[PDB]
Structure formats: structure tokens, C-alpha cells
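To be precise, the following lines are entry_11.cif, and they hold mmCIF, C-alpha atoms.
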data_target
#
loop_
_atom_site.label_atom_id
_atom_site.label_comp_id
_atom_site.auth_asym_id
_atom_site.auth_seq_id
_atom_site.Cartn_x
_atom_site.Cartn_y
_atom_site.Cartn_z
CA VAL A 306 46.94 33.97 -5.15
CA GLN A 307 48.64 30.76 -3.95
CA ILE A 308 46.66 27.80 -2.54
CA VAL A 309 47.97 24.58 -1.02
CA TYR A 310 44.85 22.49 -0.41
CA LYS A 311 45.80 19.24 1.29
CA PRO A 312 42.87 17.79 3.36
CA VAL A 313 43.30 14.36 4.98
CA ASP A 314 40.50 11.97 6.00
CA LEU A 315 40.97 8.83 8.07
CA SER A 316 37.17 9.18 8.29
CA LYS A 317 35.30 5.96 9.12
CA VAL A 318 31.49 5.36 8.94
CA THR A 319 30.15 1.95 9.98
CA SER A 320 27.31 -0.29 11.23
CA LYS A 321 27.21 -3.71 12.94
CA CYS A 322 23.47 -4.40 12.73
CA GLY A 323 23.19 -7.90 14.27
CA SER A 324 19.94 -8.96 12.49
CA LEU A 325 17.30 -7.02 10.50
CA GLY A 326 13.84 -8.17 9.48
CA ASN A 327 10.16 -8.80 10.11
CA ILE A 328 9.35 -5.57 8.23
CA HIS A 329 5.80 -5.14 6.85
CA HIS A 330 4.53 -2.19 4.81
CA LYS A 331 0.87 -2.34 3.60
CA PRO A 332 -0.53 0.72 1.72
CA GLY A 333 -3.26 -1.60 0.36
CA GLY A 334 -6.22 -0.14 2.27
CA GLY A 335 -9.98 -0.52 1.67
CA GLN A 336 -11.90 0.71 -1.38
CA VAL A 337 -10.80 3.81 -3.21
CA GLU A 338 -13.89 5.05 -5.09
CA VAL A 339 -14.04 8.00 -7.52
CA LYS A 340 -17.30 9.08 -9.16
CA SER A 341 -17.45 12.15 -11.42
CA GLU A 342 -20.15 13.81 -13.57
CA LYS A 343 -20.44 16.83 -15.93
CA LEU A 344 -17.05 18.29 -14.84
CA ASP A 345 -15.06 20.31 -17.39
CA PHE A 346 -11.27 20.83 -17.64
CA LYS A 347 -9.94 23.60 -19.94
CA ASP A 348 -6.27 22.80 -19.16
CA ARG A 349 -4.01 19.80 -18.33
CA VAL A 350 -4.98 17.05 -15.82
CA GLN A 351 -2.60 14.65 -14.00
CA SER A 352 -4.95 12.36 -12.02
CA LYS A 353 -3.31 9.67 -9.82
CA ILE A 354 -5.68 7.13 -8.17
CA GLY A 355 -5.08 4.03 -6.01
CA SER A 356 -1.88 2.96 -4.19
CA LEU A 357 0.93 4.51 -6.21
CA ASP A 358 4.61 5.43 -5.62
CA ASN A 359 4.92 3.65 -2.20
CA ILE A 360 8.44 2.55 -1.15
CA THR A 361 10.02 0.03 1.18
CA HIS A 362 13.74 0.59 1.48
CA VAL A 363 15.79 -1.64 3.77
CA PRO A 364 19.56 -1.33 3.27
CA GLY A 365 21.31 -3.85 5.59
CA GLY A 366 23.50 -0.90 6.45
CA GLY A 367 22.72 2.44 4.78
CA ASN A 368 25.64 4.71 5.60
CA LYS A 369 25.99 7.68 3.30
CA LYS A 370 29.16 9.72 3.47
CA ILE A 371 28.46 12.70 1.23
CA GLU A 372 31.67 14.79 0.74
CA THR A 373 32.33 18.06 -1.22
CA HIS A 374 35.45 20.13 -1.87
CA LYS A 375 34.78 23.33 -3.86
CA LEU A 376 36.90 26.33 -4.94
CA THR A 377 35.58 29.31 -6.94
CA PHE A 378 36.98 32.61 -8.33
CA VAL B 306 47.10 32.02 -9.57
CA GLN B 307 48.70 28.77 -8.32
CA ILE B 308 46.86 25.77 -6.83
CA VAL B 309 48.29 22.57 -5.30
CA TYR B 310 45.12 20.57 -4.80
CA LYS B 311 46.25 17.32 -3.11
CA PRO B 312 43.44 15.82 -0.90
CA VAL B 313 43.90 12.38 0.74
CA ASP B 314 41.38 9.81 1.98
CA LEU B 315 41.90 6.55 3.82
CA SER B 316 38.12 6.94 4.25
CA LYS B 317 36.17 3.73 5.01
CA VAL B 318 32.35 3.14 4.81
CA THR B 319 31.09 -0.31 5.92
CA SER B 320 28.29 -2.64 7.19
CA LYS B 321 28.42 -6.02 9.00
CA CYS B 322 24.68 -6.79 8.70
CA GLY B 323 24.31 -10.31 10.20
CA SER B 324 21.09 -11.49 8.49
CA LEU B 325 18.51 -9.46 6.51
CA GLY B 326 15.04 -10.75 5.62
CA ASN B 327 11.33 -11.36 6.21
CA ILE B 328 10.42 -8.12 4.38
CA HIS B 329 6.87 -7.69 2.99
CA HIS B 330 5.48 -4.84 0.89
CA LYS B 331 1.78 -4.99 -0.14
CA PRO B 332 0.21 -2.04 -2.07
CA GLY B 333 -2.43 -4.52 -3.35
CA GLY B 334 -5.46 -3.13 -1.49
CA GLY B 335 -9.20 -3.51 -2.00
CA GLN B 336 -11.06 -2.24 -5.06
CA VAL B 337 -10.13 0.94 -6.93
CA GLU B 338 -13.37 1.90 -8.66
CA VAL B 339 -13.50 4.84 -11.08
CA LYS B 340 -16.79 5.87 -12.71
CA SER B 341 -17.07 8.92 -15.01
CA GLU B 342 -19.84 10.58 -17.06
CA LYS B 343 -20.24 13.61 -19.43
CA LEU B 344 -16.72 14.67 -18.43
CA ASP B 345 -14.83 17.05 -20.80
CA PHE B 346 -11.09 17.74 -21.35
CA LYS B 347 -9.76 20.50 -23.70
CA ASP B 348 -6.05 19.77 -22.98
CA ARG B 349 -3.73 16.84 -22.12
CA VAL B 350 -4.62 14.13 -19.58
CA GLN B 351 -2.13 11.87 -17.76
CA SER B 352 -4.38 9.48 -15.80
CA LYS B 353 -2.74 6.79 -13.61
CA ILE B 354 -4.99 4.21 -11.87
CA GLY B 355 -4.30 1.14 -9.70
CA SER B 356 -1.04 0.13 -7.96
CA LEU B 357 1.75 1.72 -9.98
CA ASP B 358 5.40 2.73 -9.45
CA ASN B 359 5.77 0.96 -6.03
CA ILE B 360 9.31 -0.05 -4.94
CA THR B 361 10.96 -2.57 -2.65
CA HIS B 362 14.67 -1.92 -2.43
CA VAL B 363 16.65 -4.23 -0.12
CA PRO B 364 20.41 -3.95 -0.73
CA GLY B 365 22.33 -6.33 1.61
CA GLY B 366 24.42 -3.27 2.33
CA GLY B 367 23.58 0.03 0.63
CA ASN B 368 26.48 2.28 1.57
CA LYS B 369 26.74 5.32 -0.66
CA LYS B 370 29.88 7.45 -0.58
CA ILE B 371 29.35 10.54 -2.79
CA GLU B 372 32.37 12.76 -3.36
CA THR B 373 32.58 15.96 -5.44
CA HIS B 374 35.77 17.92 -6.12
CA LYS B 375 35.10 21.14 -8.08
CA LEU B 376 37.20 24.14 -9.16
CA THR B 377 35.84 27.07 -11.21
CA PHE B 378 37.05 30.42 -12.62
CA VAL C 306 47.08 30.04 -13.92
CA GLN C 307 48.90 26.90 -12.67
CA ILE C 308 47.09 23.88 -11.17
CA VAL C 309 48.58 20.73 -9.67
CA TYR C 310 45.62 18.43 -9.05
CA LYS C 311 46.70 15.19 -7.37
CA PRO C 312 43.92 13.73 -5.10
CA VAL C 313 44.48 10.31 -3.44
CA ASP C 314 41.97 7.67 -2.31
CA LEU C 315 42.73 4.49 -0.38
CA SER C 316 38.94 4.78 0.15
CA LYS C 317 37.00 1.58 0.93
CA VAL C 318 33.19 0.97 0.68
CA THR C 319 31.98 -2.49 1.74
CA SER C 320 29.35 -4.91 3.06
CA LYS C 321 29.45 -8.25 4.89
CA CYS C 322 25.75 -9.03 4.70
CA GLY C 323 25.69 -12.55 6.21
CA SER C 324 22.40 -13.72 4.63
CA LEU C 325 19.65 -12.00 2.59
CA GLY C 326 16.19 -13.32 1.61
CA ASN C 327 12.49 -13.96 2.33
CA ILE C 328 11.45 -10.72 0.53
CA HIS C 329 7.86 -10.38 -0.77
CA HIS C 330 6.43 -7.58 -2.92
CA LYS C 331 2.73 -7.79 -3.95
CA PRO C 332 1.10 -4.81 -5.77
CA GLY C 333 -1.64 -7.20 -7.09
CA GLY C 334 -4.72 -5.94 -5.20
CA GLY C 335 -8.44 -6.53 -5.75
CA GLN C 336 -10.36 -5.23 -8.78
CA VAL C 337 -9.31 -2.03 -10.41
CA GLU C 338 -12.51 -1.07 -12.28
CA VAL C 339 -12.86 1.82 -14.71
CA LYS C 340 -16.24 2.66 -16.30
CA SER C 341 -16.78 5.70 -18.54
CA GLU C 342 -19.54 7.30 -20.65
CA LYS C 343 -19.81 10.43 -22.89
CA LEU C 344 -16.18 11.29 -22.04
CA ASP C 345 -14.47 13.77 -24.45
CA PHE C 346 -10.75 14.62 -25.01
CA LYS C 347 -9.53 17.36 -27.45
CA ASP C 348 -5.77 16.70 -26.84
CA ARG C 349 -3.40 13.80 -25.93
CA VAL C 350 -4.29 11.15 -23.31
CA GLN C 351 -1.73 8.94 -21.50
CA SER C 352 -3.95 6.55 -19.50
CA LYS C 353 -2.18 3.88 -17.38
CA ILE C 354 -4.36 1.25 -15.61
CA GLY C 355 -3.49 -1.78 -13.41
CA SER C 356 -0.18 -2.73 -11.71
CA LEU C 357 2.53 -1.15 -13.89
CA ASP C 358 6.09 0.17 -13.27
CA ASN C 359 6.56 -1.69 -9.91
CA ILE C 360 10.15 -2.63 -8.84
CA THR C 361 11.79 -5.17 -6.56
CA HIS C 362 15.52 -4.63 -6.24
CA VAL C 363 17.57 -6.88 -3.96
CA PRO C 364 21.34 -6.67 -4.68
CA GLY C 365 23.38 -8.94 -2.35
CA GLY C 366 25.48 -5.85 -1.82
CA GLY C 367 24.40 -2.55 -3.39
CA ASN C 368 27.19 -0.16 -2.41
CA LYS C 369 27.49 2.84 -4.70
CA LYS C 370 30.56 5.05 -4.71
CA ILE C 371 29.84 8.09 -6.86
CA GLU C 372 32.90 10.36 -7.37
CA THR C 373 33.02 13.57 -9.52
CA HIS C 374 36.13 15.66 -10.34
CA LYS C 375 35.42 18.89 -12.30
CA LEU C 376 37.53 21.91 -13.33
CA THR C 377 36.04 24.75 -15.45
CA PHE C 378 36.86 28.28 -16.77
#
Turn the structure described in the file into C-alpha cells.
Amino acid sequence: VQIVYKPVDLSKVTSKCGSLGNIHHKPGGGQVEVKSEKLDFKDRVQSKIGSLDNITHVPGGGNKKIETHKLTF
Amino acid sequence: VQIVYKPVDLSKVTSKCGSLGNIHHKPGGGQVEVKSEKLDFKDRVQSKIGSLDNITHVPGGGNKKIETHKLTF
Amino acid sequence: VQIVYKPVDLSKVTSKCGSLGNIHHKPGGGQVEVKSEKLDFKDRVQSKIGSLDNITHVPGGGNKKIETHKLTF
């Protein structure tokens, strides 16, 4: 088996976002309330309560060229 | 086997973001009240309460070229 | 097995973010309250309470070329 493997990219990925802003994200709602009585757990518990893990993500340009060359035998 | 693996890129990933700002992220809500009585656990507990793990990510440009070349036998 | 492995990049990853700022992140809500009575644990507990692990991340440019080359037999 002979392989010549000679890809070429002039590949161009761009943004000209003129202005970006006035972005508001507010997961802070009203009362969370949890009340619990006489409840039994025989195995593991992973309780998450409140306003967890929320994201704001504002890349001024967010271009993402993913690229993969793979050979296998 | 013979391989001549010779890829080329002139590959260009860019952002001309003119002005980025006025971004607000507020997971700070109202109360988070937890009350608990006579409550039994036989195995591991991983309680998380409140306003945890939240993110604000604002890269002035966030361009992310990812490029994998892989050969395997 | 013969391999010639000679990739080329003139590859360019850029930002011209003109201005960046006025970013606010506020996980500090109202009262978290936890009250507990007659509560029993036979194995490990990993309680987290309040406003932990929060992130603000504002790189003036945050471009991230990742690039992997791998050969294996």
C-alpha cells in the first residue's frame, strides 16, 4: 500500500461583528424552598439546590474550525 | 506500506469585534430555604446548596481552531 | 513500513477586539438558609453551601489553537 496524502487548505473563517453588548442573564428567580421529613436513603444522594451551573458565554467572535485527518489499518 | 503525509494550511480564523460590553449575569435570586427532619442516609451524600459553579466567560475574541492528525496500525 | 510525515501550517488565529468591559457577575443572592434536625449519615458527606466555585473569565483575546499529532502501532 502506497499513500500520498497532501491536503491543502486556504480555508478562512471570520466575523466582523460591529458592536456586541447589553446582554443580561438572570437565573436568580424567587424562593426555592425544600422541606423534607422521615425520608430514608439506602444508597448515594447527589442533591443540587438553588441556582447552580448557569453560564453566560459571550465571545466577541466565536469561530471554531474543528479539523481532523485520520488514517487507520 | 509507504505513507507521504504532507498536509498544508494557510488556514485563517479571525474576529474584528468592534466593542464588547454591558454584560450582566445574576444567579443571585431570592431565598433558598432548606429544612430537613428525621432524614436518614446509609451511603454517601454530595449536597450542593445556593449559587454555585456559575460562569461568565467573555473572551474579546474566542476563536478555537482544533486540529487532529492521527495514524494507527 | 515507511512514513514521511511533513505537515505545514502558515495557520493564523486572531482577534481585533476594539474595546472590552462593563462586565458584571453577581451570584450573591438573598438568604440561603439550611435548618436540620435528627439527621443521620452512615457514610461520607460532602456538603457545599453558599456561593462557591463561581467564575468570571474575561481575556482581552482568548483564542485557543489546540493541535494534536499522533502516530501509533
To test your reading of the syntax: which residues would the PyMOL selection byres ((chain A and resi 338) around 7) return for the file shown? Reply as a tab-separated table (two decimals) with C-alpha atoms, in the frame of the given file.
chain	number	residue	atom	x	y	z
A	336	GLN	CA	-11.90	0.71	-1.38
A	337	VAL	CA	-10.80	3.81	-3.21
A	339	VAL	CA	-14.04	8.00	-7.52
A	340	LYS	CA	-17.30	9.08	-9.16
B	337	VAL	CA	-10.13	0.94	-6.93
B	338	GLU	CA	-13.37	1.90	-8.66
B	339	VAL	CA	-13.50	4.84	-11.08
Dump as a PDB file with C-alpha atoms, keeping the file's coordinate frame all residues having an atom at most 12 Å from (31.4, 5.9, 5.3), computed in the file's coordinates with only C-alpha atoms.
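Writing done, so here's result-v6.pdb:
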ATOM      1  CA  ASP A 314      40.500  11.970   6.000  1.00  0.00           C
ATOM      2  CA  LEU A 315      40.970   8.830   8.070  1.00  0.00           C
ATOM      3  CA  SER A 316      37.170   9.180   8.290  1.00  0.00           C
ATOM      4  CA  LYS A 317      35.300   5.960   9.120  1.00  0.00           C
ATOM      5  CA  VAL A 318      31.490   5.360   8.940  1.00  0.00           C
ATOM      6  CA  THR A 319      30.150   1.950   9.980  1.00  0.00           C
ATOM      7  CA  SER A 320      27.310  -0.290  11.230  1.00  0.00           C
ATOM      8  CA  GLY A 366      23.500  -0.900   6.450  1.00  0.00           C
ATOM      9  CA  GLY A 367      22.720   2.440   4.780  1.00  0.00           C
ATOM     10  CA  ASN A 368      25.640   4.710   5.600  1.00  0.00           C
ATOM     11  CA  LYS A 369      25.990   7.680   3.300  1.00  0.00           C
ATOM     12  CA  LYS A 370      29.160   9.720   3.470  1.00  0.00           C
ATOM     13  CA  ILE A 371      28.460  12.700   1.230  1.00  0.00           C
ATOM     14  CA  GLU A 372      31.670  14.790   0.740  1.00  0.00           C
TER      15      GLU A 372
ATOM     16  CA  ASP B 314      41.380   9.810   1.980  1.00  0.00           C
ATOM     17  CA  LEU B 315      41.900   6.550   3.820  1.00  0.00           C
ATOM     18  CA  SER B 316      38.120   6.940   4.250  1.00  0.00           C
ATOM     19  CA  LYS B 317      36.170   3.730   5.010  1.00  0.00           C
ATOM     20  CA  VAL B 318      32.350   3.140   4.810  1.00  0.00           C
ATOM     21  CA  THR B 319      31.090  -0.310   5.920  1.00  0.00           C
ATOM     22  CA  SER B 320      28.290  -2.640   7.190  1.00  0.00           C
ATOM     23  CA  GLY B 366      24.420  -3.270   2.330  1.00  0.00           C
ATOM     24  CA  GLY B 367      23.580   0.030   0.630  1.00  0.00           C
ATOM     25  CA  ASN B 368      26.480   2.280   1.570  1.00  0.00           C
ATOM     26  CA  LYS B 369      26.740   5.320  -0.660  1.00  0.00           C
ATOM     27  CA  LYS B 370      29.880   7.450  -0.580  1.00  0.00           C
ATOM     28  CA  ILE B 371      29.350  10.540  -2.790  1.00  0.00           C
ATOM     29  CA  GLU B 372      32.370  12.760  -3.360  1.00  0.00           C
TER      30      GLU B 372
ATOM     31  CA  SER C 316      38.940   4.780   0.150  1.00  0.00           C
ATOM     32  CA  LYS C 317      37.000   1.580   0.930  1.00  0.00           C
ATOM     33  CA  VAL C 318      33.190   0.970   0.680  1.00  0.00           C
ATOM     34  CA  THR C 319      31.980  -2.490   1.740  1.00  0.00           C
ATOM     35  CA  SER C 320      29.350  -4.910   3.060  1.00  0.00           C
ATOM     36  CA  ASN C 368      27.190  -0.160  -2.410  1.00  0.00           C
ATOM     37  CA  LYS C 369      27.490   2.840  -4.700  1.00  0.00           C
ATOM     38  CA  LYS C 370      30.560   5.050  -4.710  1.00  0.00           C
TER      39      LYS C 370
END
Within 8 Å of residue 329 of chain A using all atoms listed in the file, minus same-chain residues under 2 positions, as an MDAnalysis selection string: (chainID A and resid 327 331) or (chainID B and resid 328:330)
File of the preceding selection, C-alpha atoms, as a JSON list (two decimals), keeping the file's coordinate frame:
[["chain", "number", "residue", "atom", "x", "y", "z"],
["A", 327, "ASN", "CA", 10.16, -8.80, 10.11],
["A", 331, "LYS", "CA", 0.87, -2.34, 3.60],
["B", 328, "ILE", "CA", 10.42, -8.12, 4.38],
["B", 329, "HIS", "CA", 6.87, -7.69, 2.99],
["B", 330, "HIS", "CA", 5.48, -4.84, 0.89]]
What lies within 8 Å of residue 313 of chain B using all atoms listed in the file, ignoring chain neighbours under 3 positions off, as JSON, numbers by chain? {"A": [311, 312, 313, 314], "C": [312, 313, 314]}
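Using all atoms listed in the file, the residues found no farther than 8 Å from segment 358-363 of chain A, other than those of its own chain fewer than 3 positions away, are residues 330 and 332 of chain A; 330, 332, 357, 358, 359, 360, 361, 362, 363 and 364 of chain B.
Among the candidate residues B:341, B:348, B:355, B:365, the one lying nearest to residue 326 of chain C is B:365, with distances computed using all atoms listed in the file.
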Give me the residues near residue 344 of chain A as a ChimeraX atom specification, where near means some atom within 10 Å (using all atoms listed in the file) and where sequence neighbours in that chain fewer than 3 positions away do not count. /A:341 /B:341-346
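For the choices B:334, B:378, B:351, B:322, the atom-to-atom distance to residue 306 of chain B is smallest for B:378 when using all atoms listed in the file.
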Axis-aligned box over every listed atom of segment 347-357 of chain B, padded by 3 Å per side: centre and edges in Å to one decimal, as JSON?
{"center_x": -4.0, "center_y": 10.3, "center_z": -15.8, "size_x": 17.5, "size_y": 26.4, "size_z": 21.7}
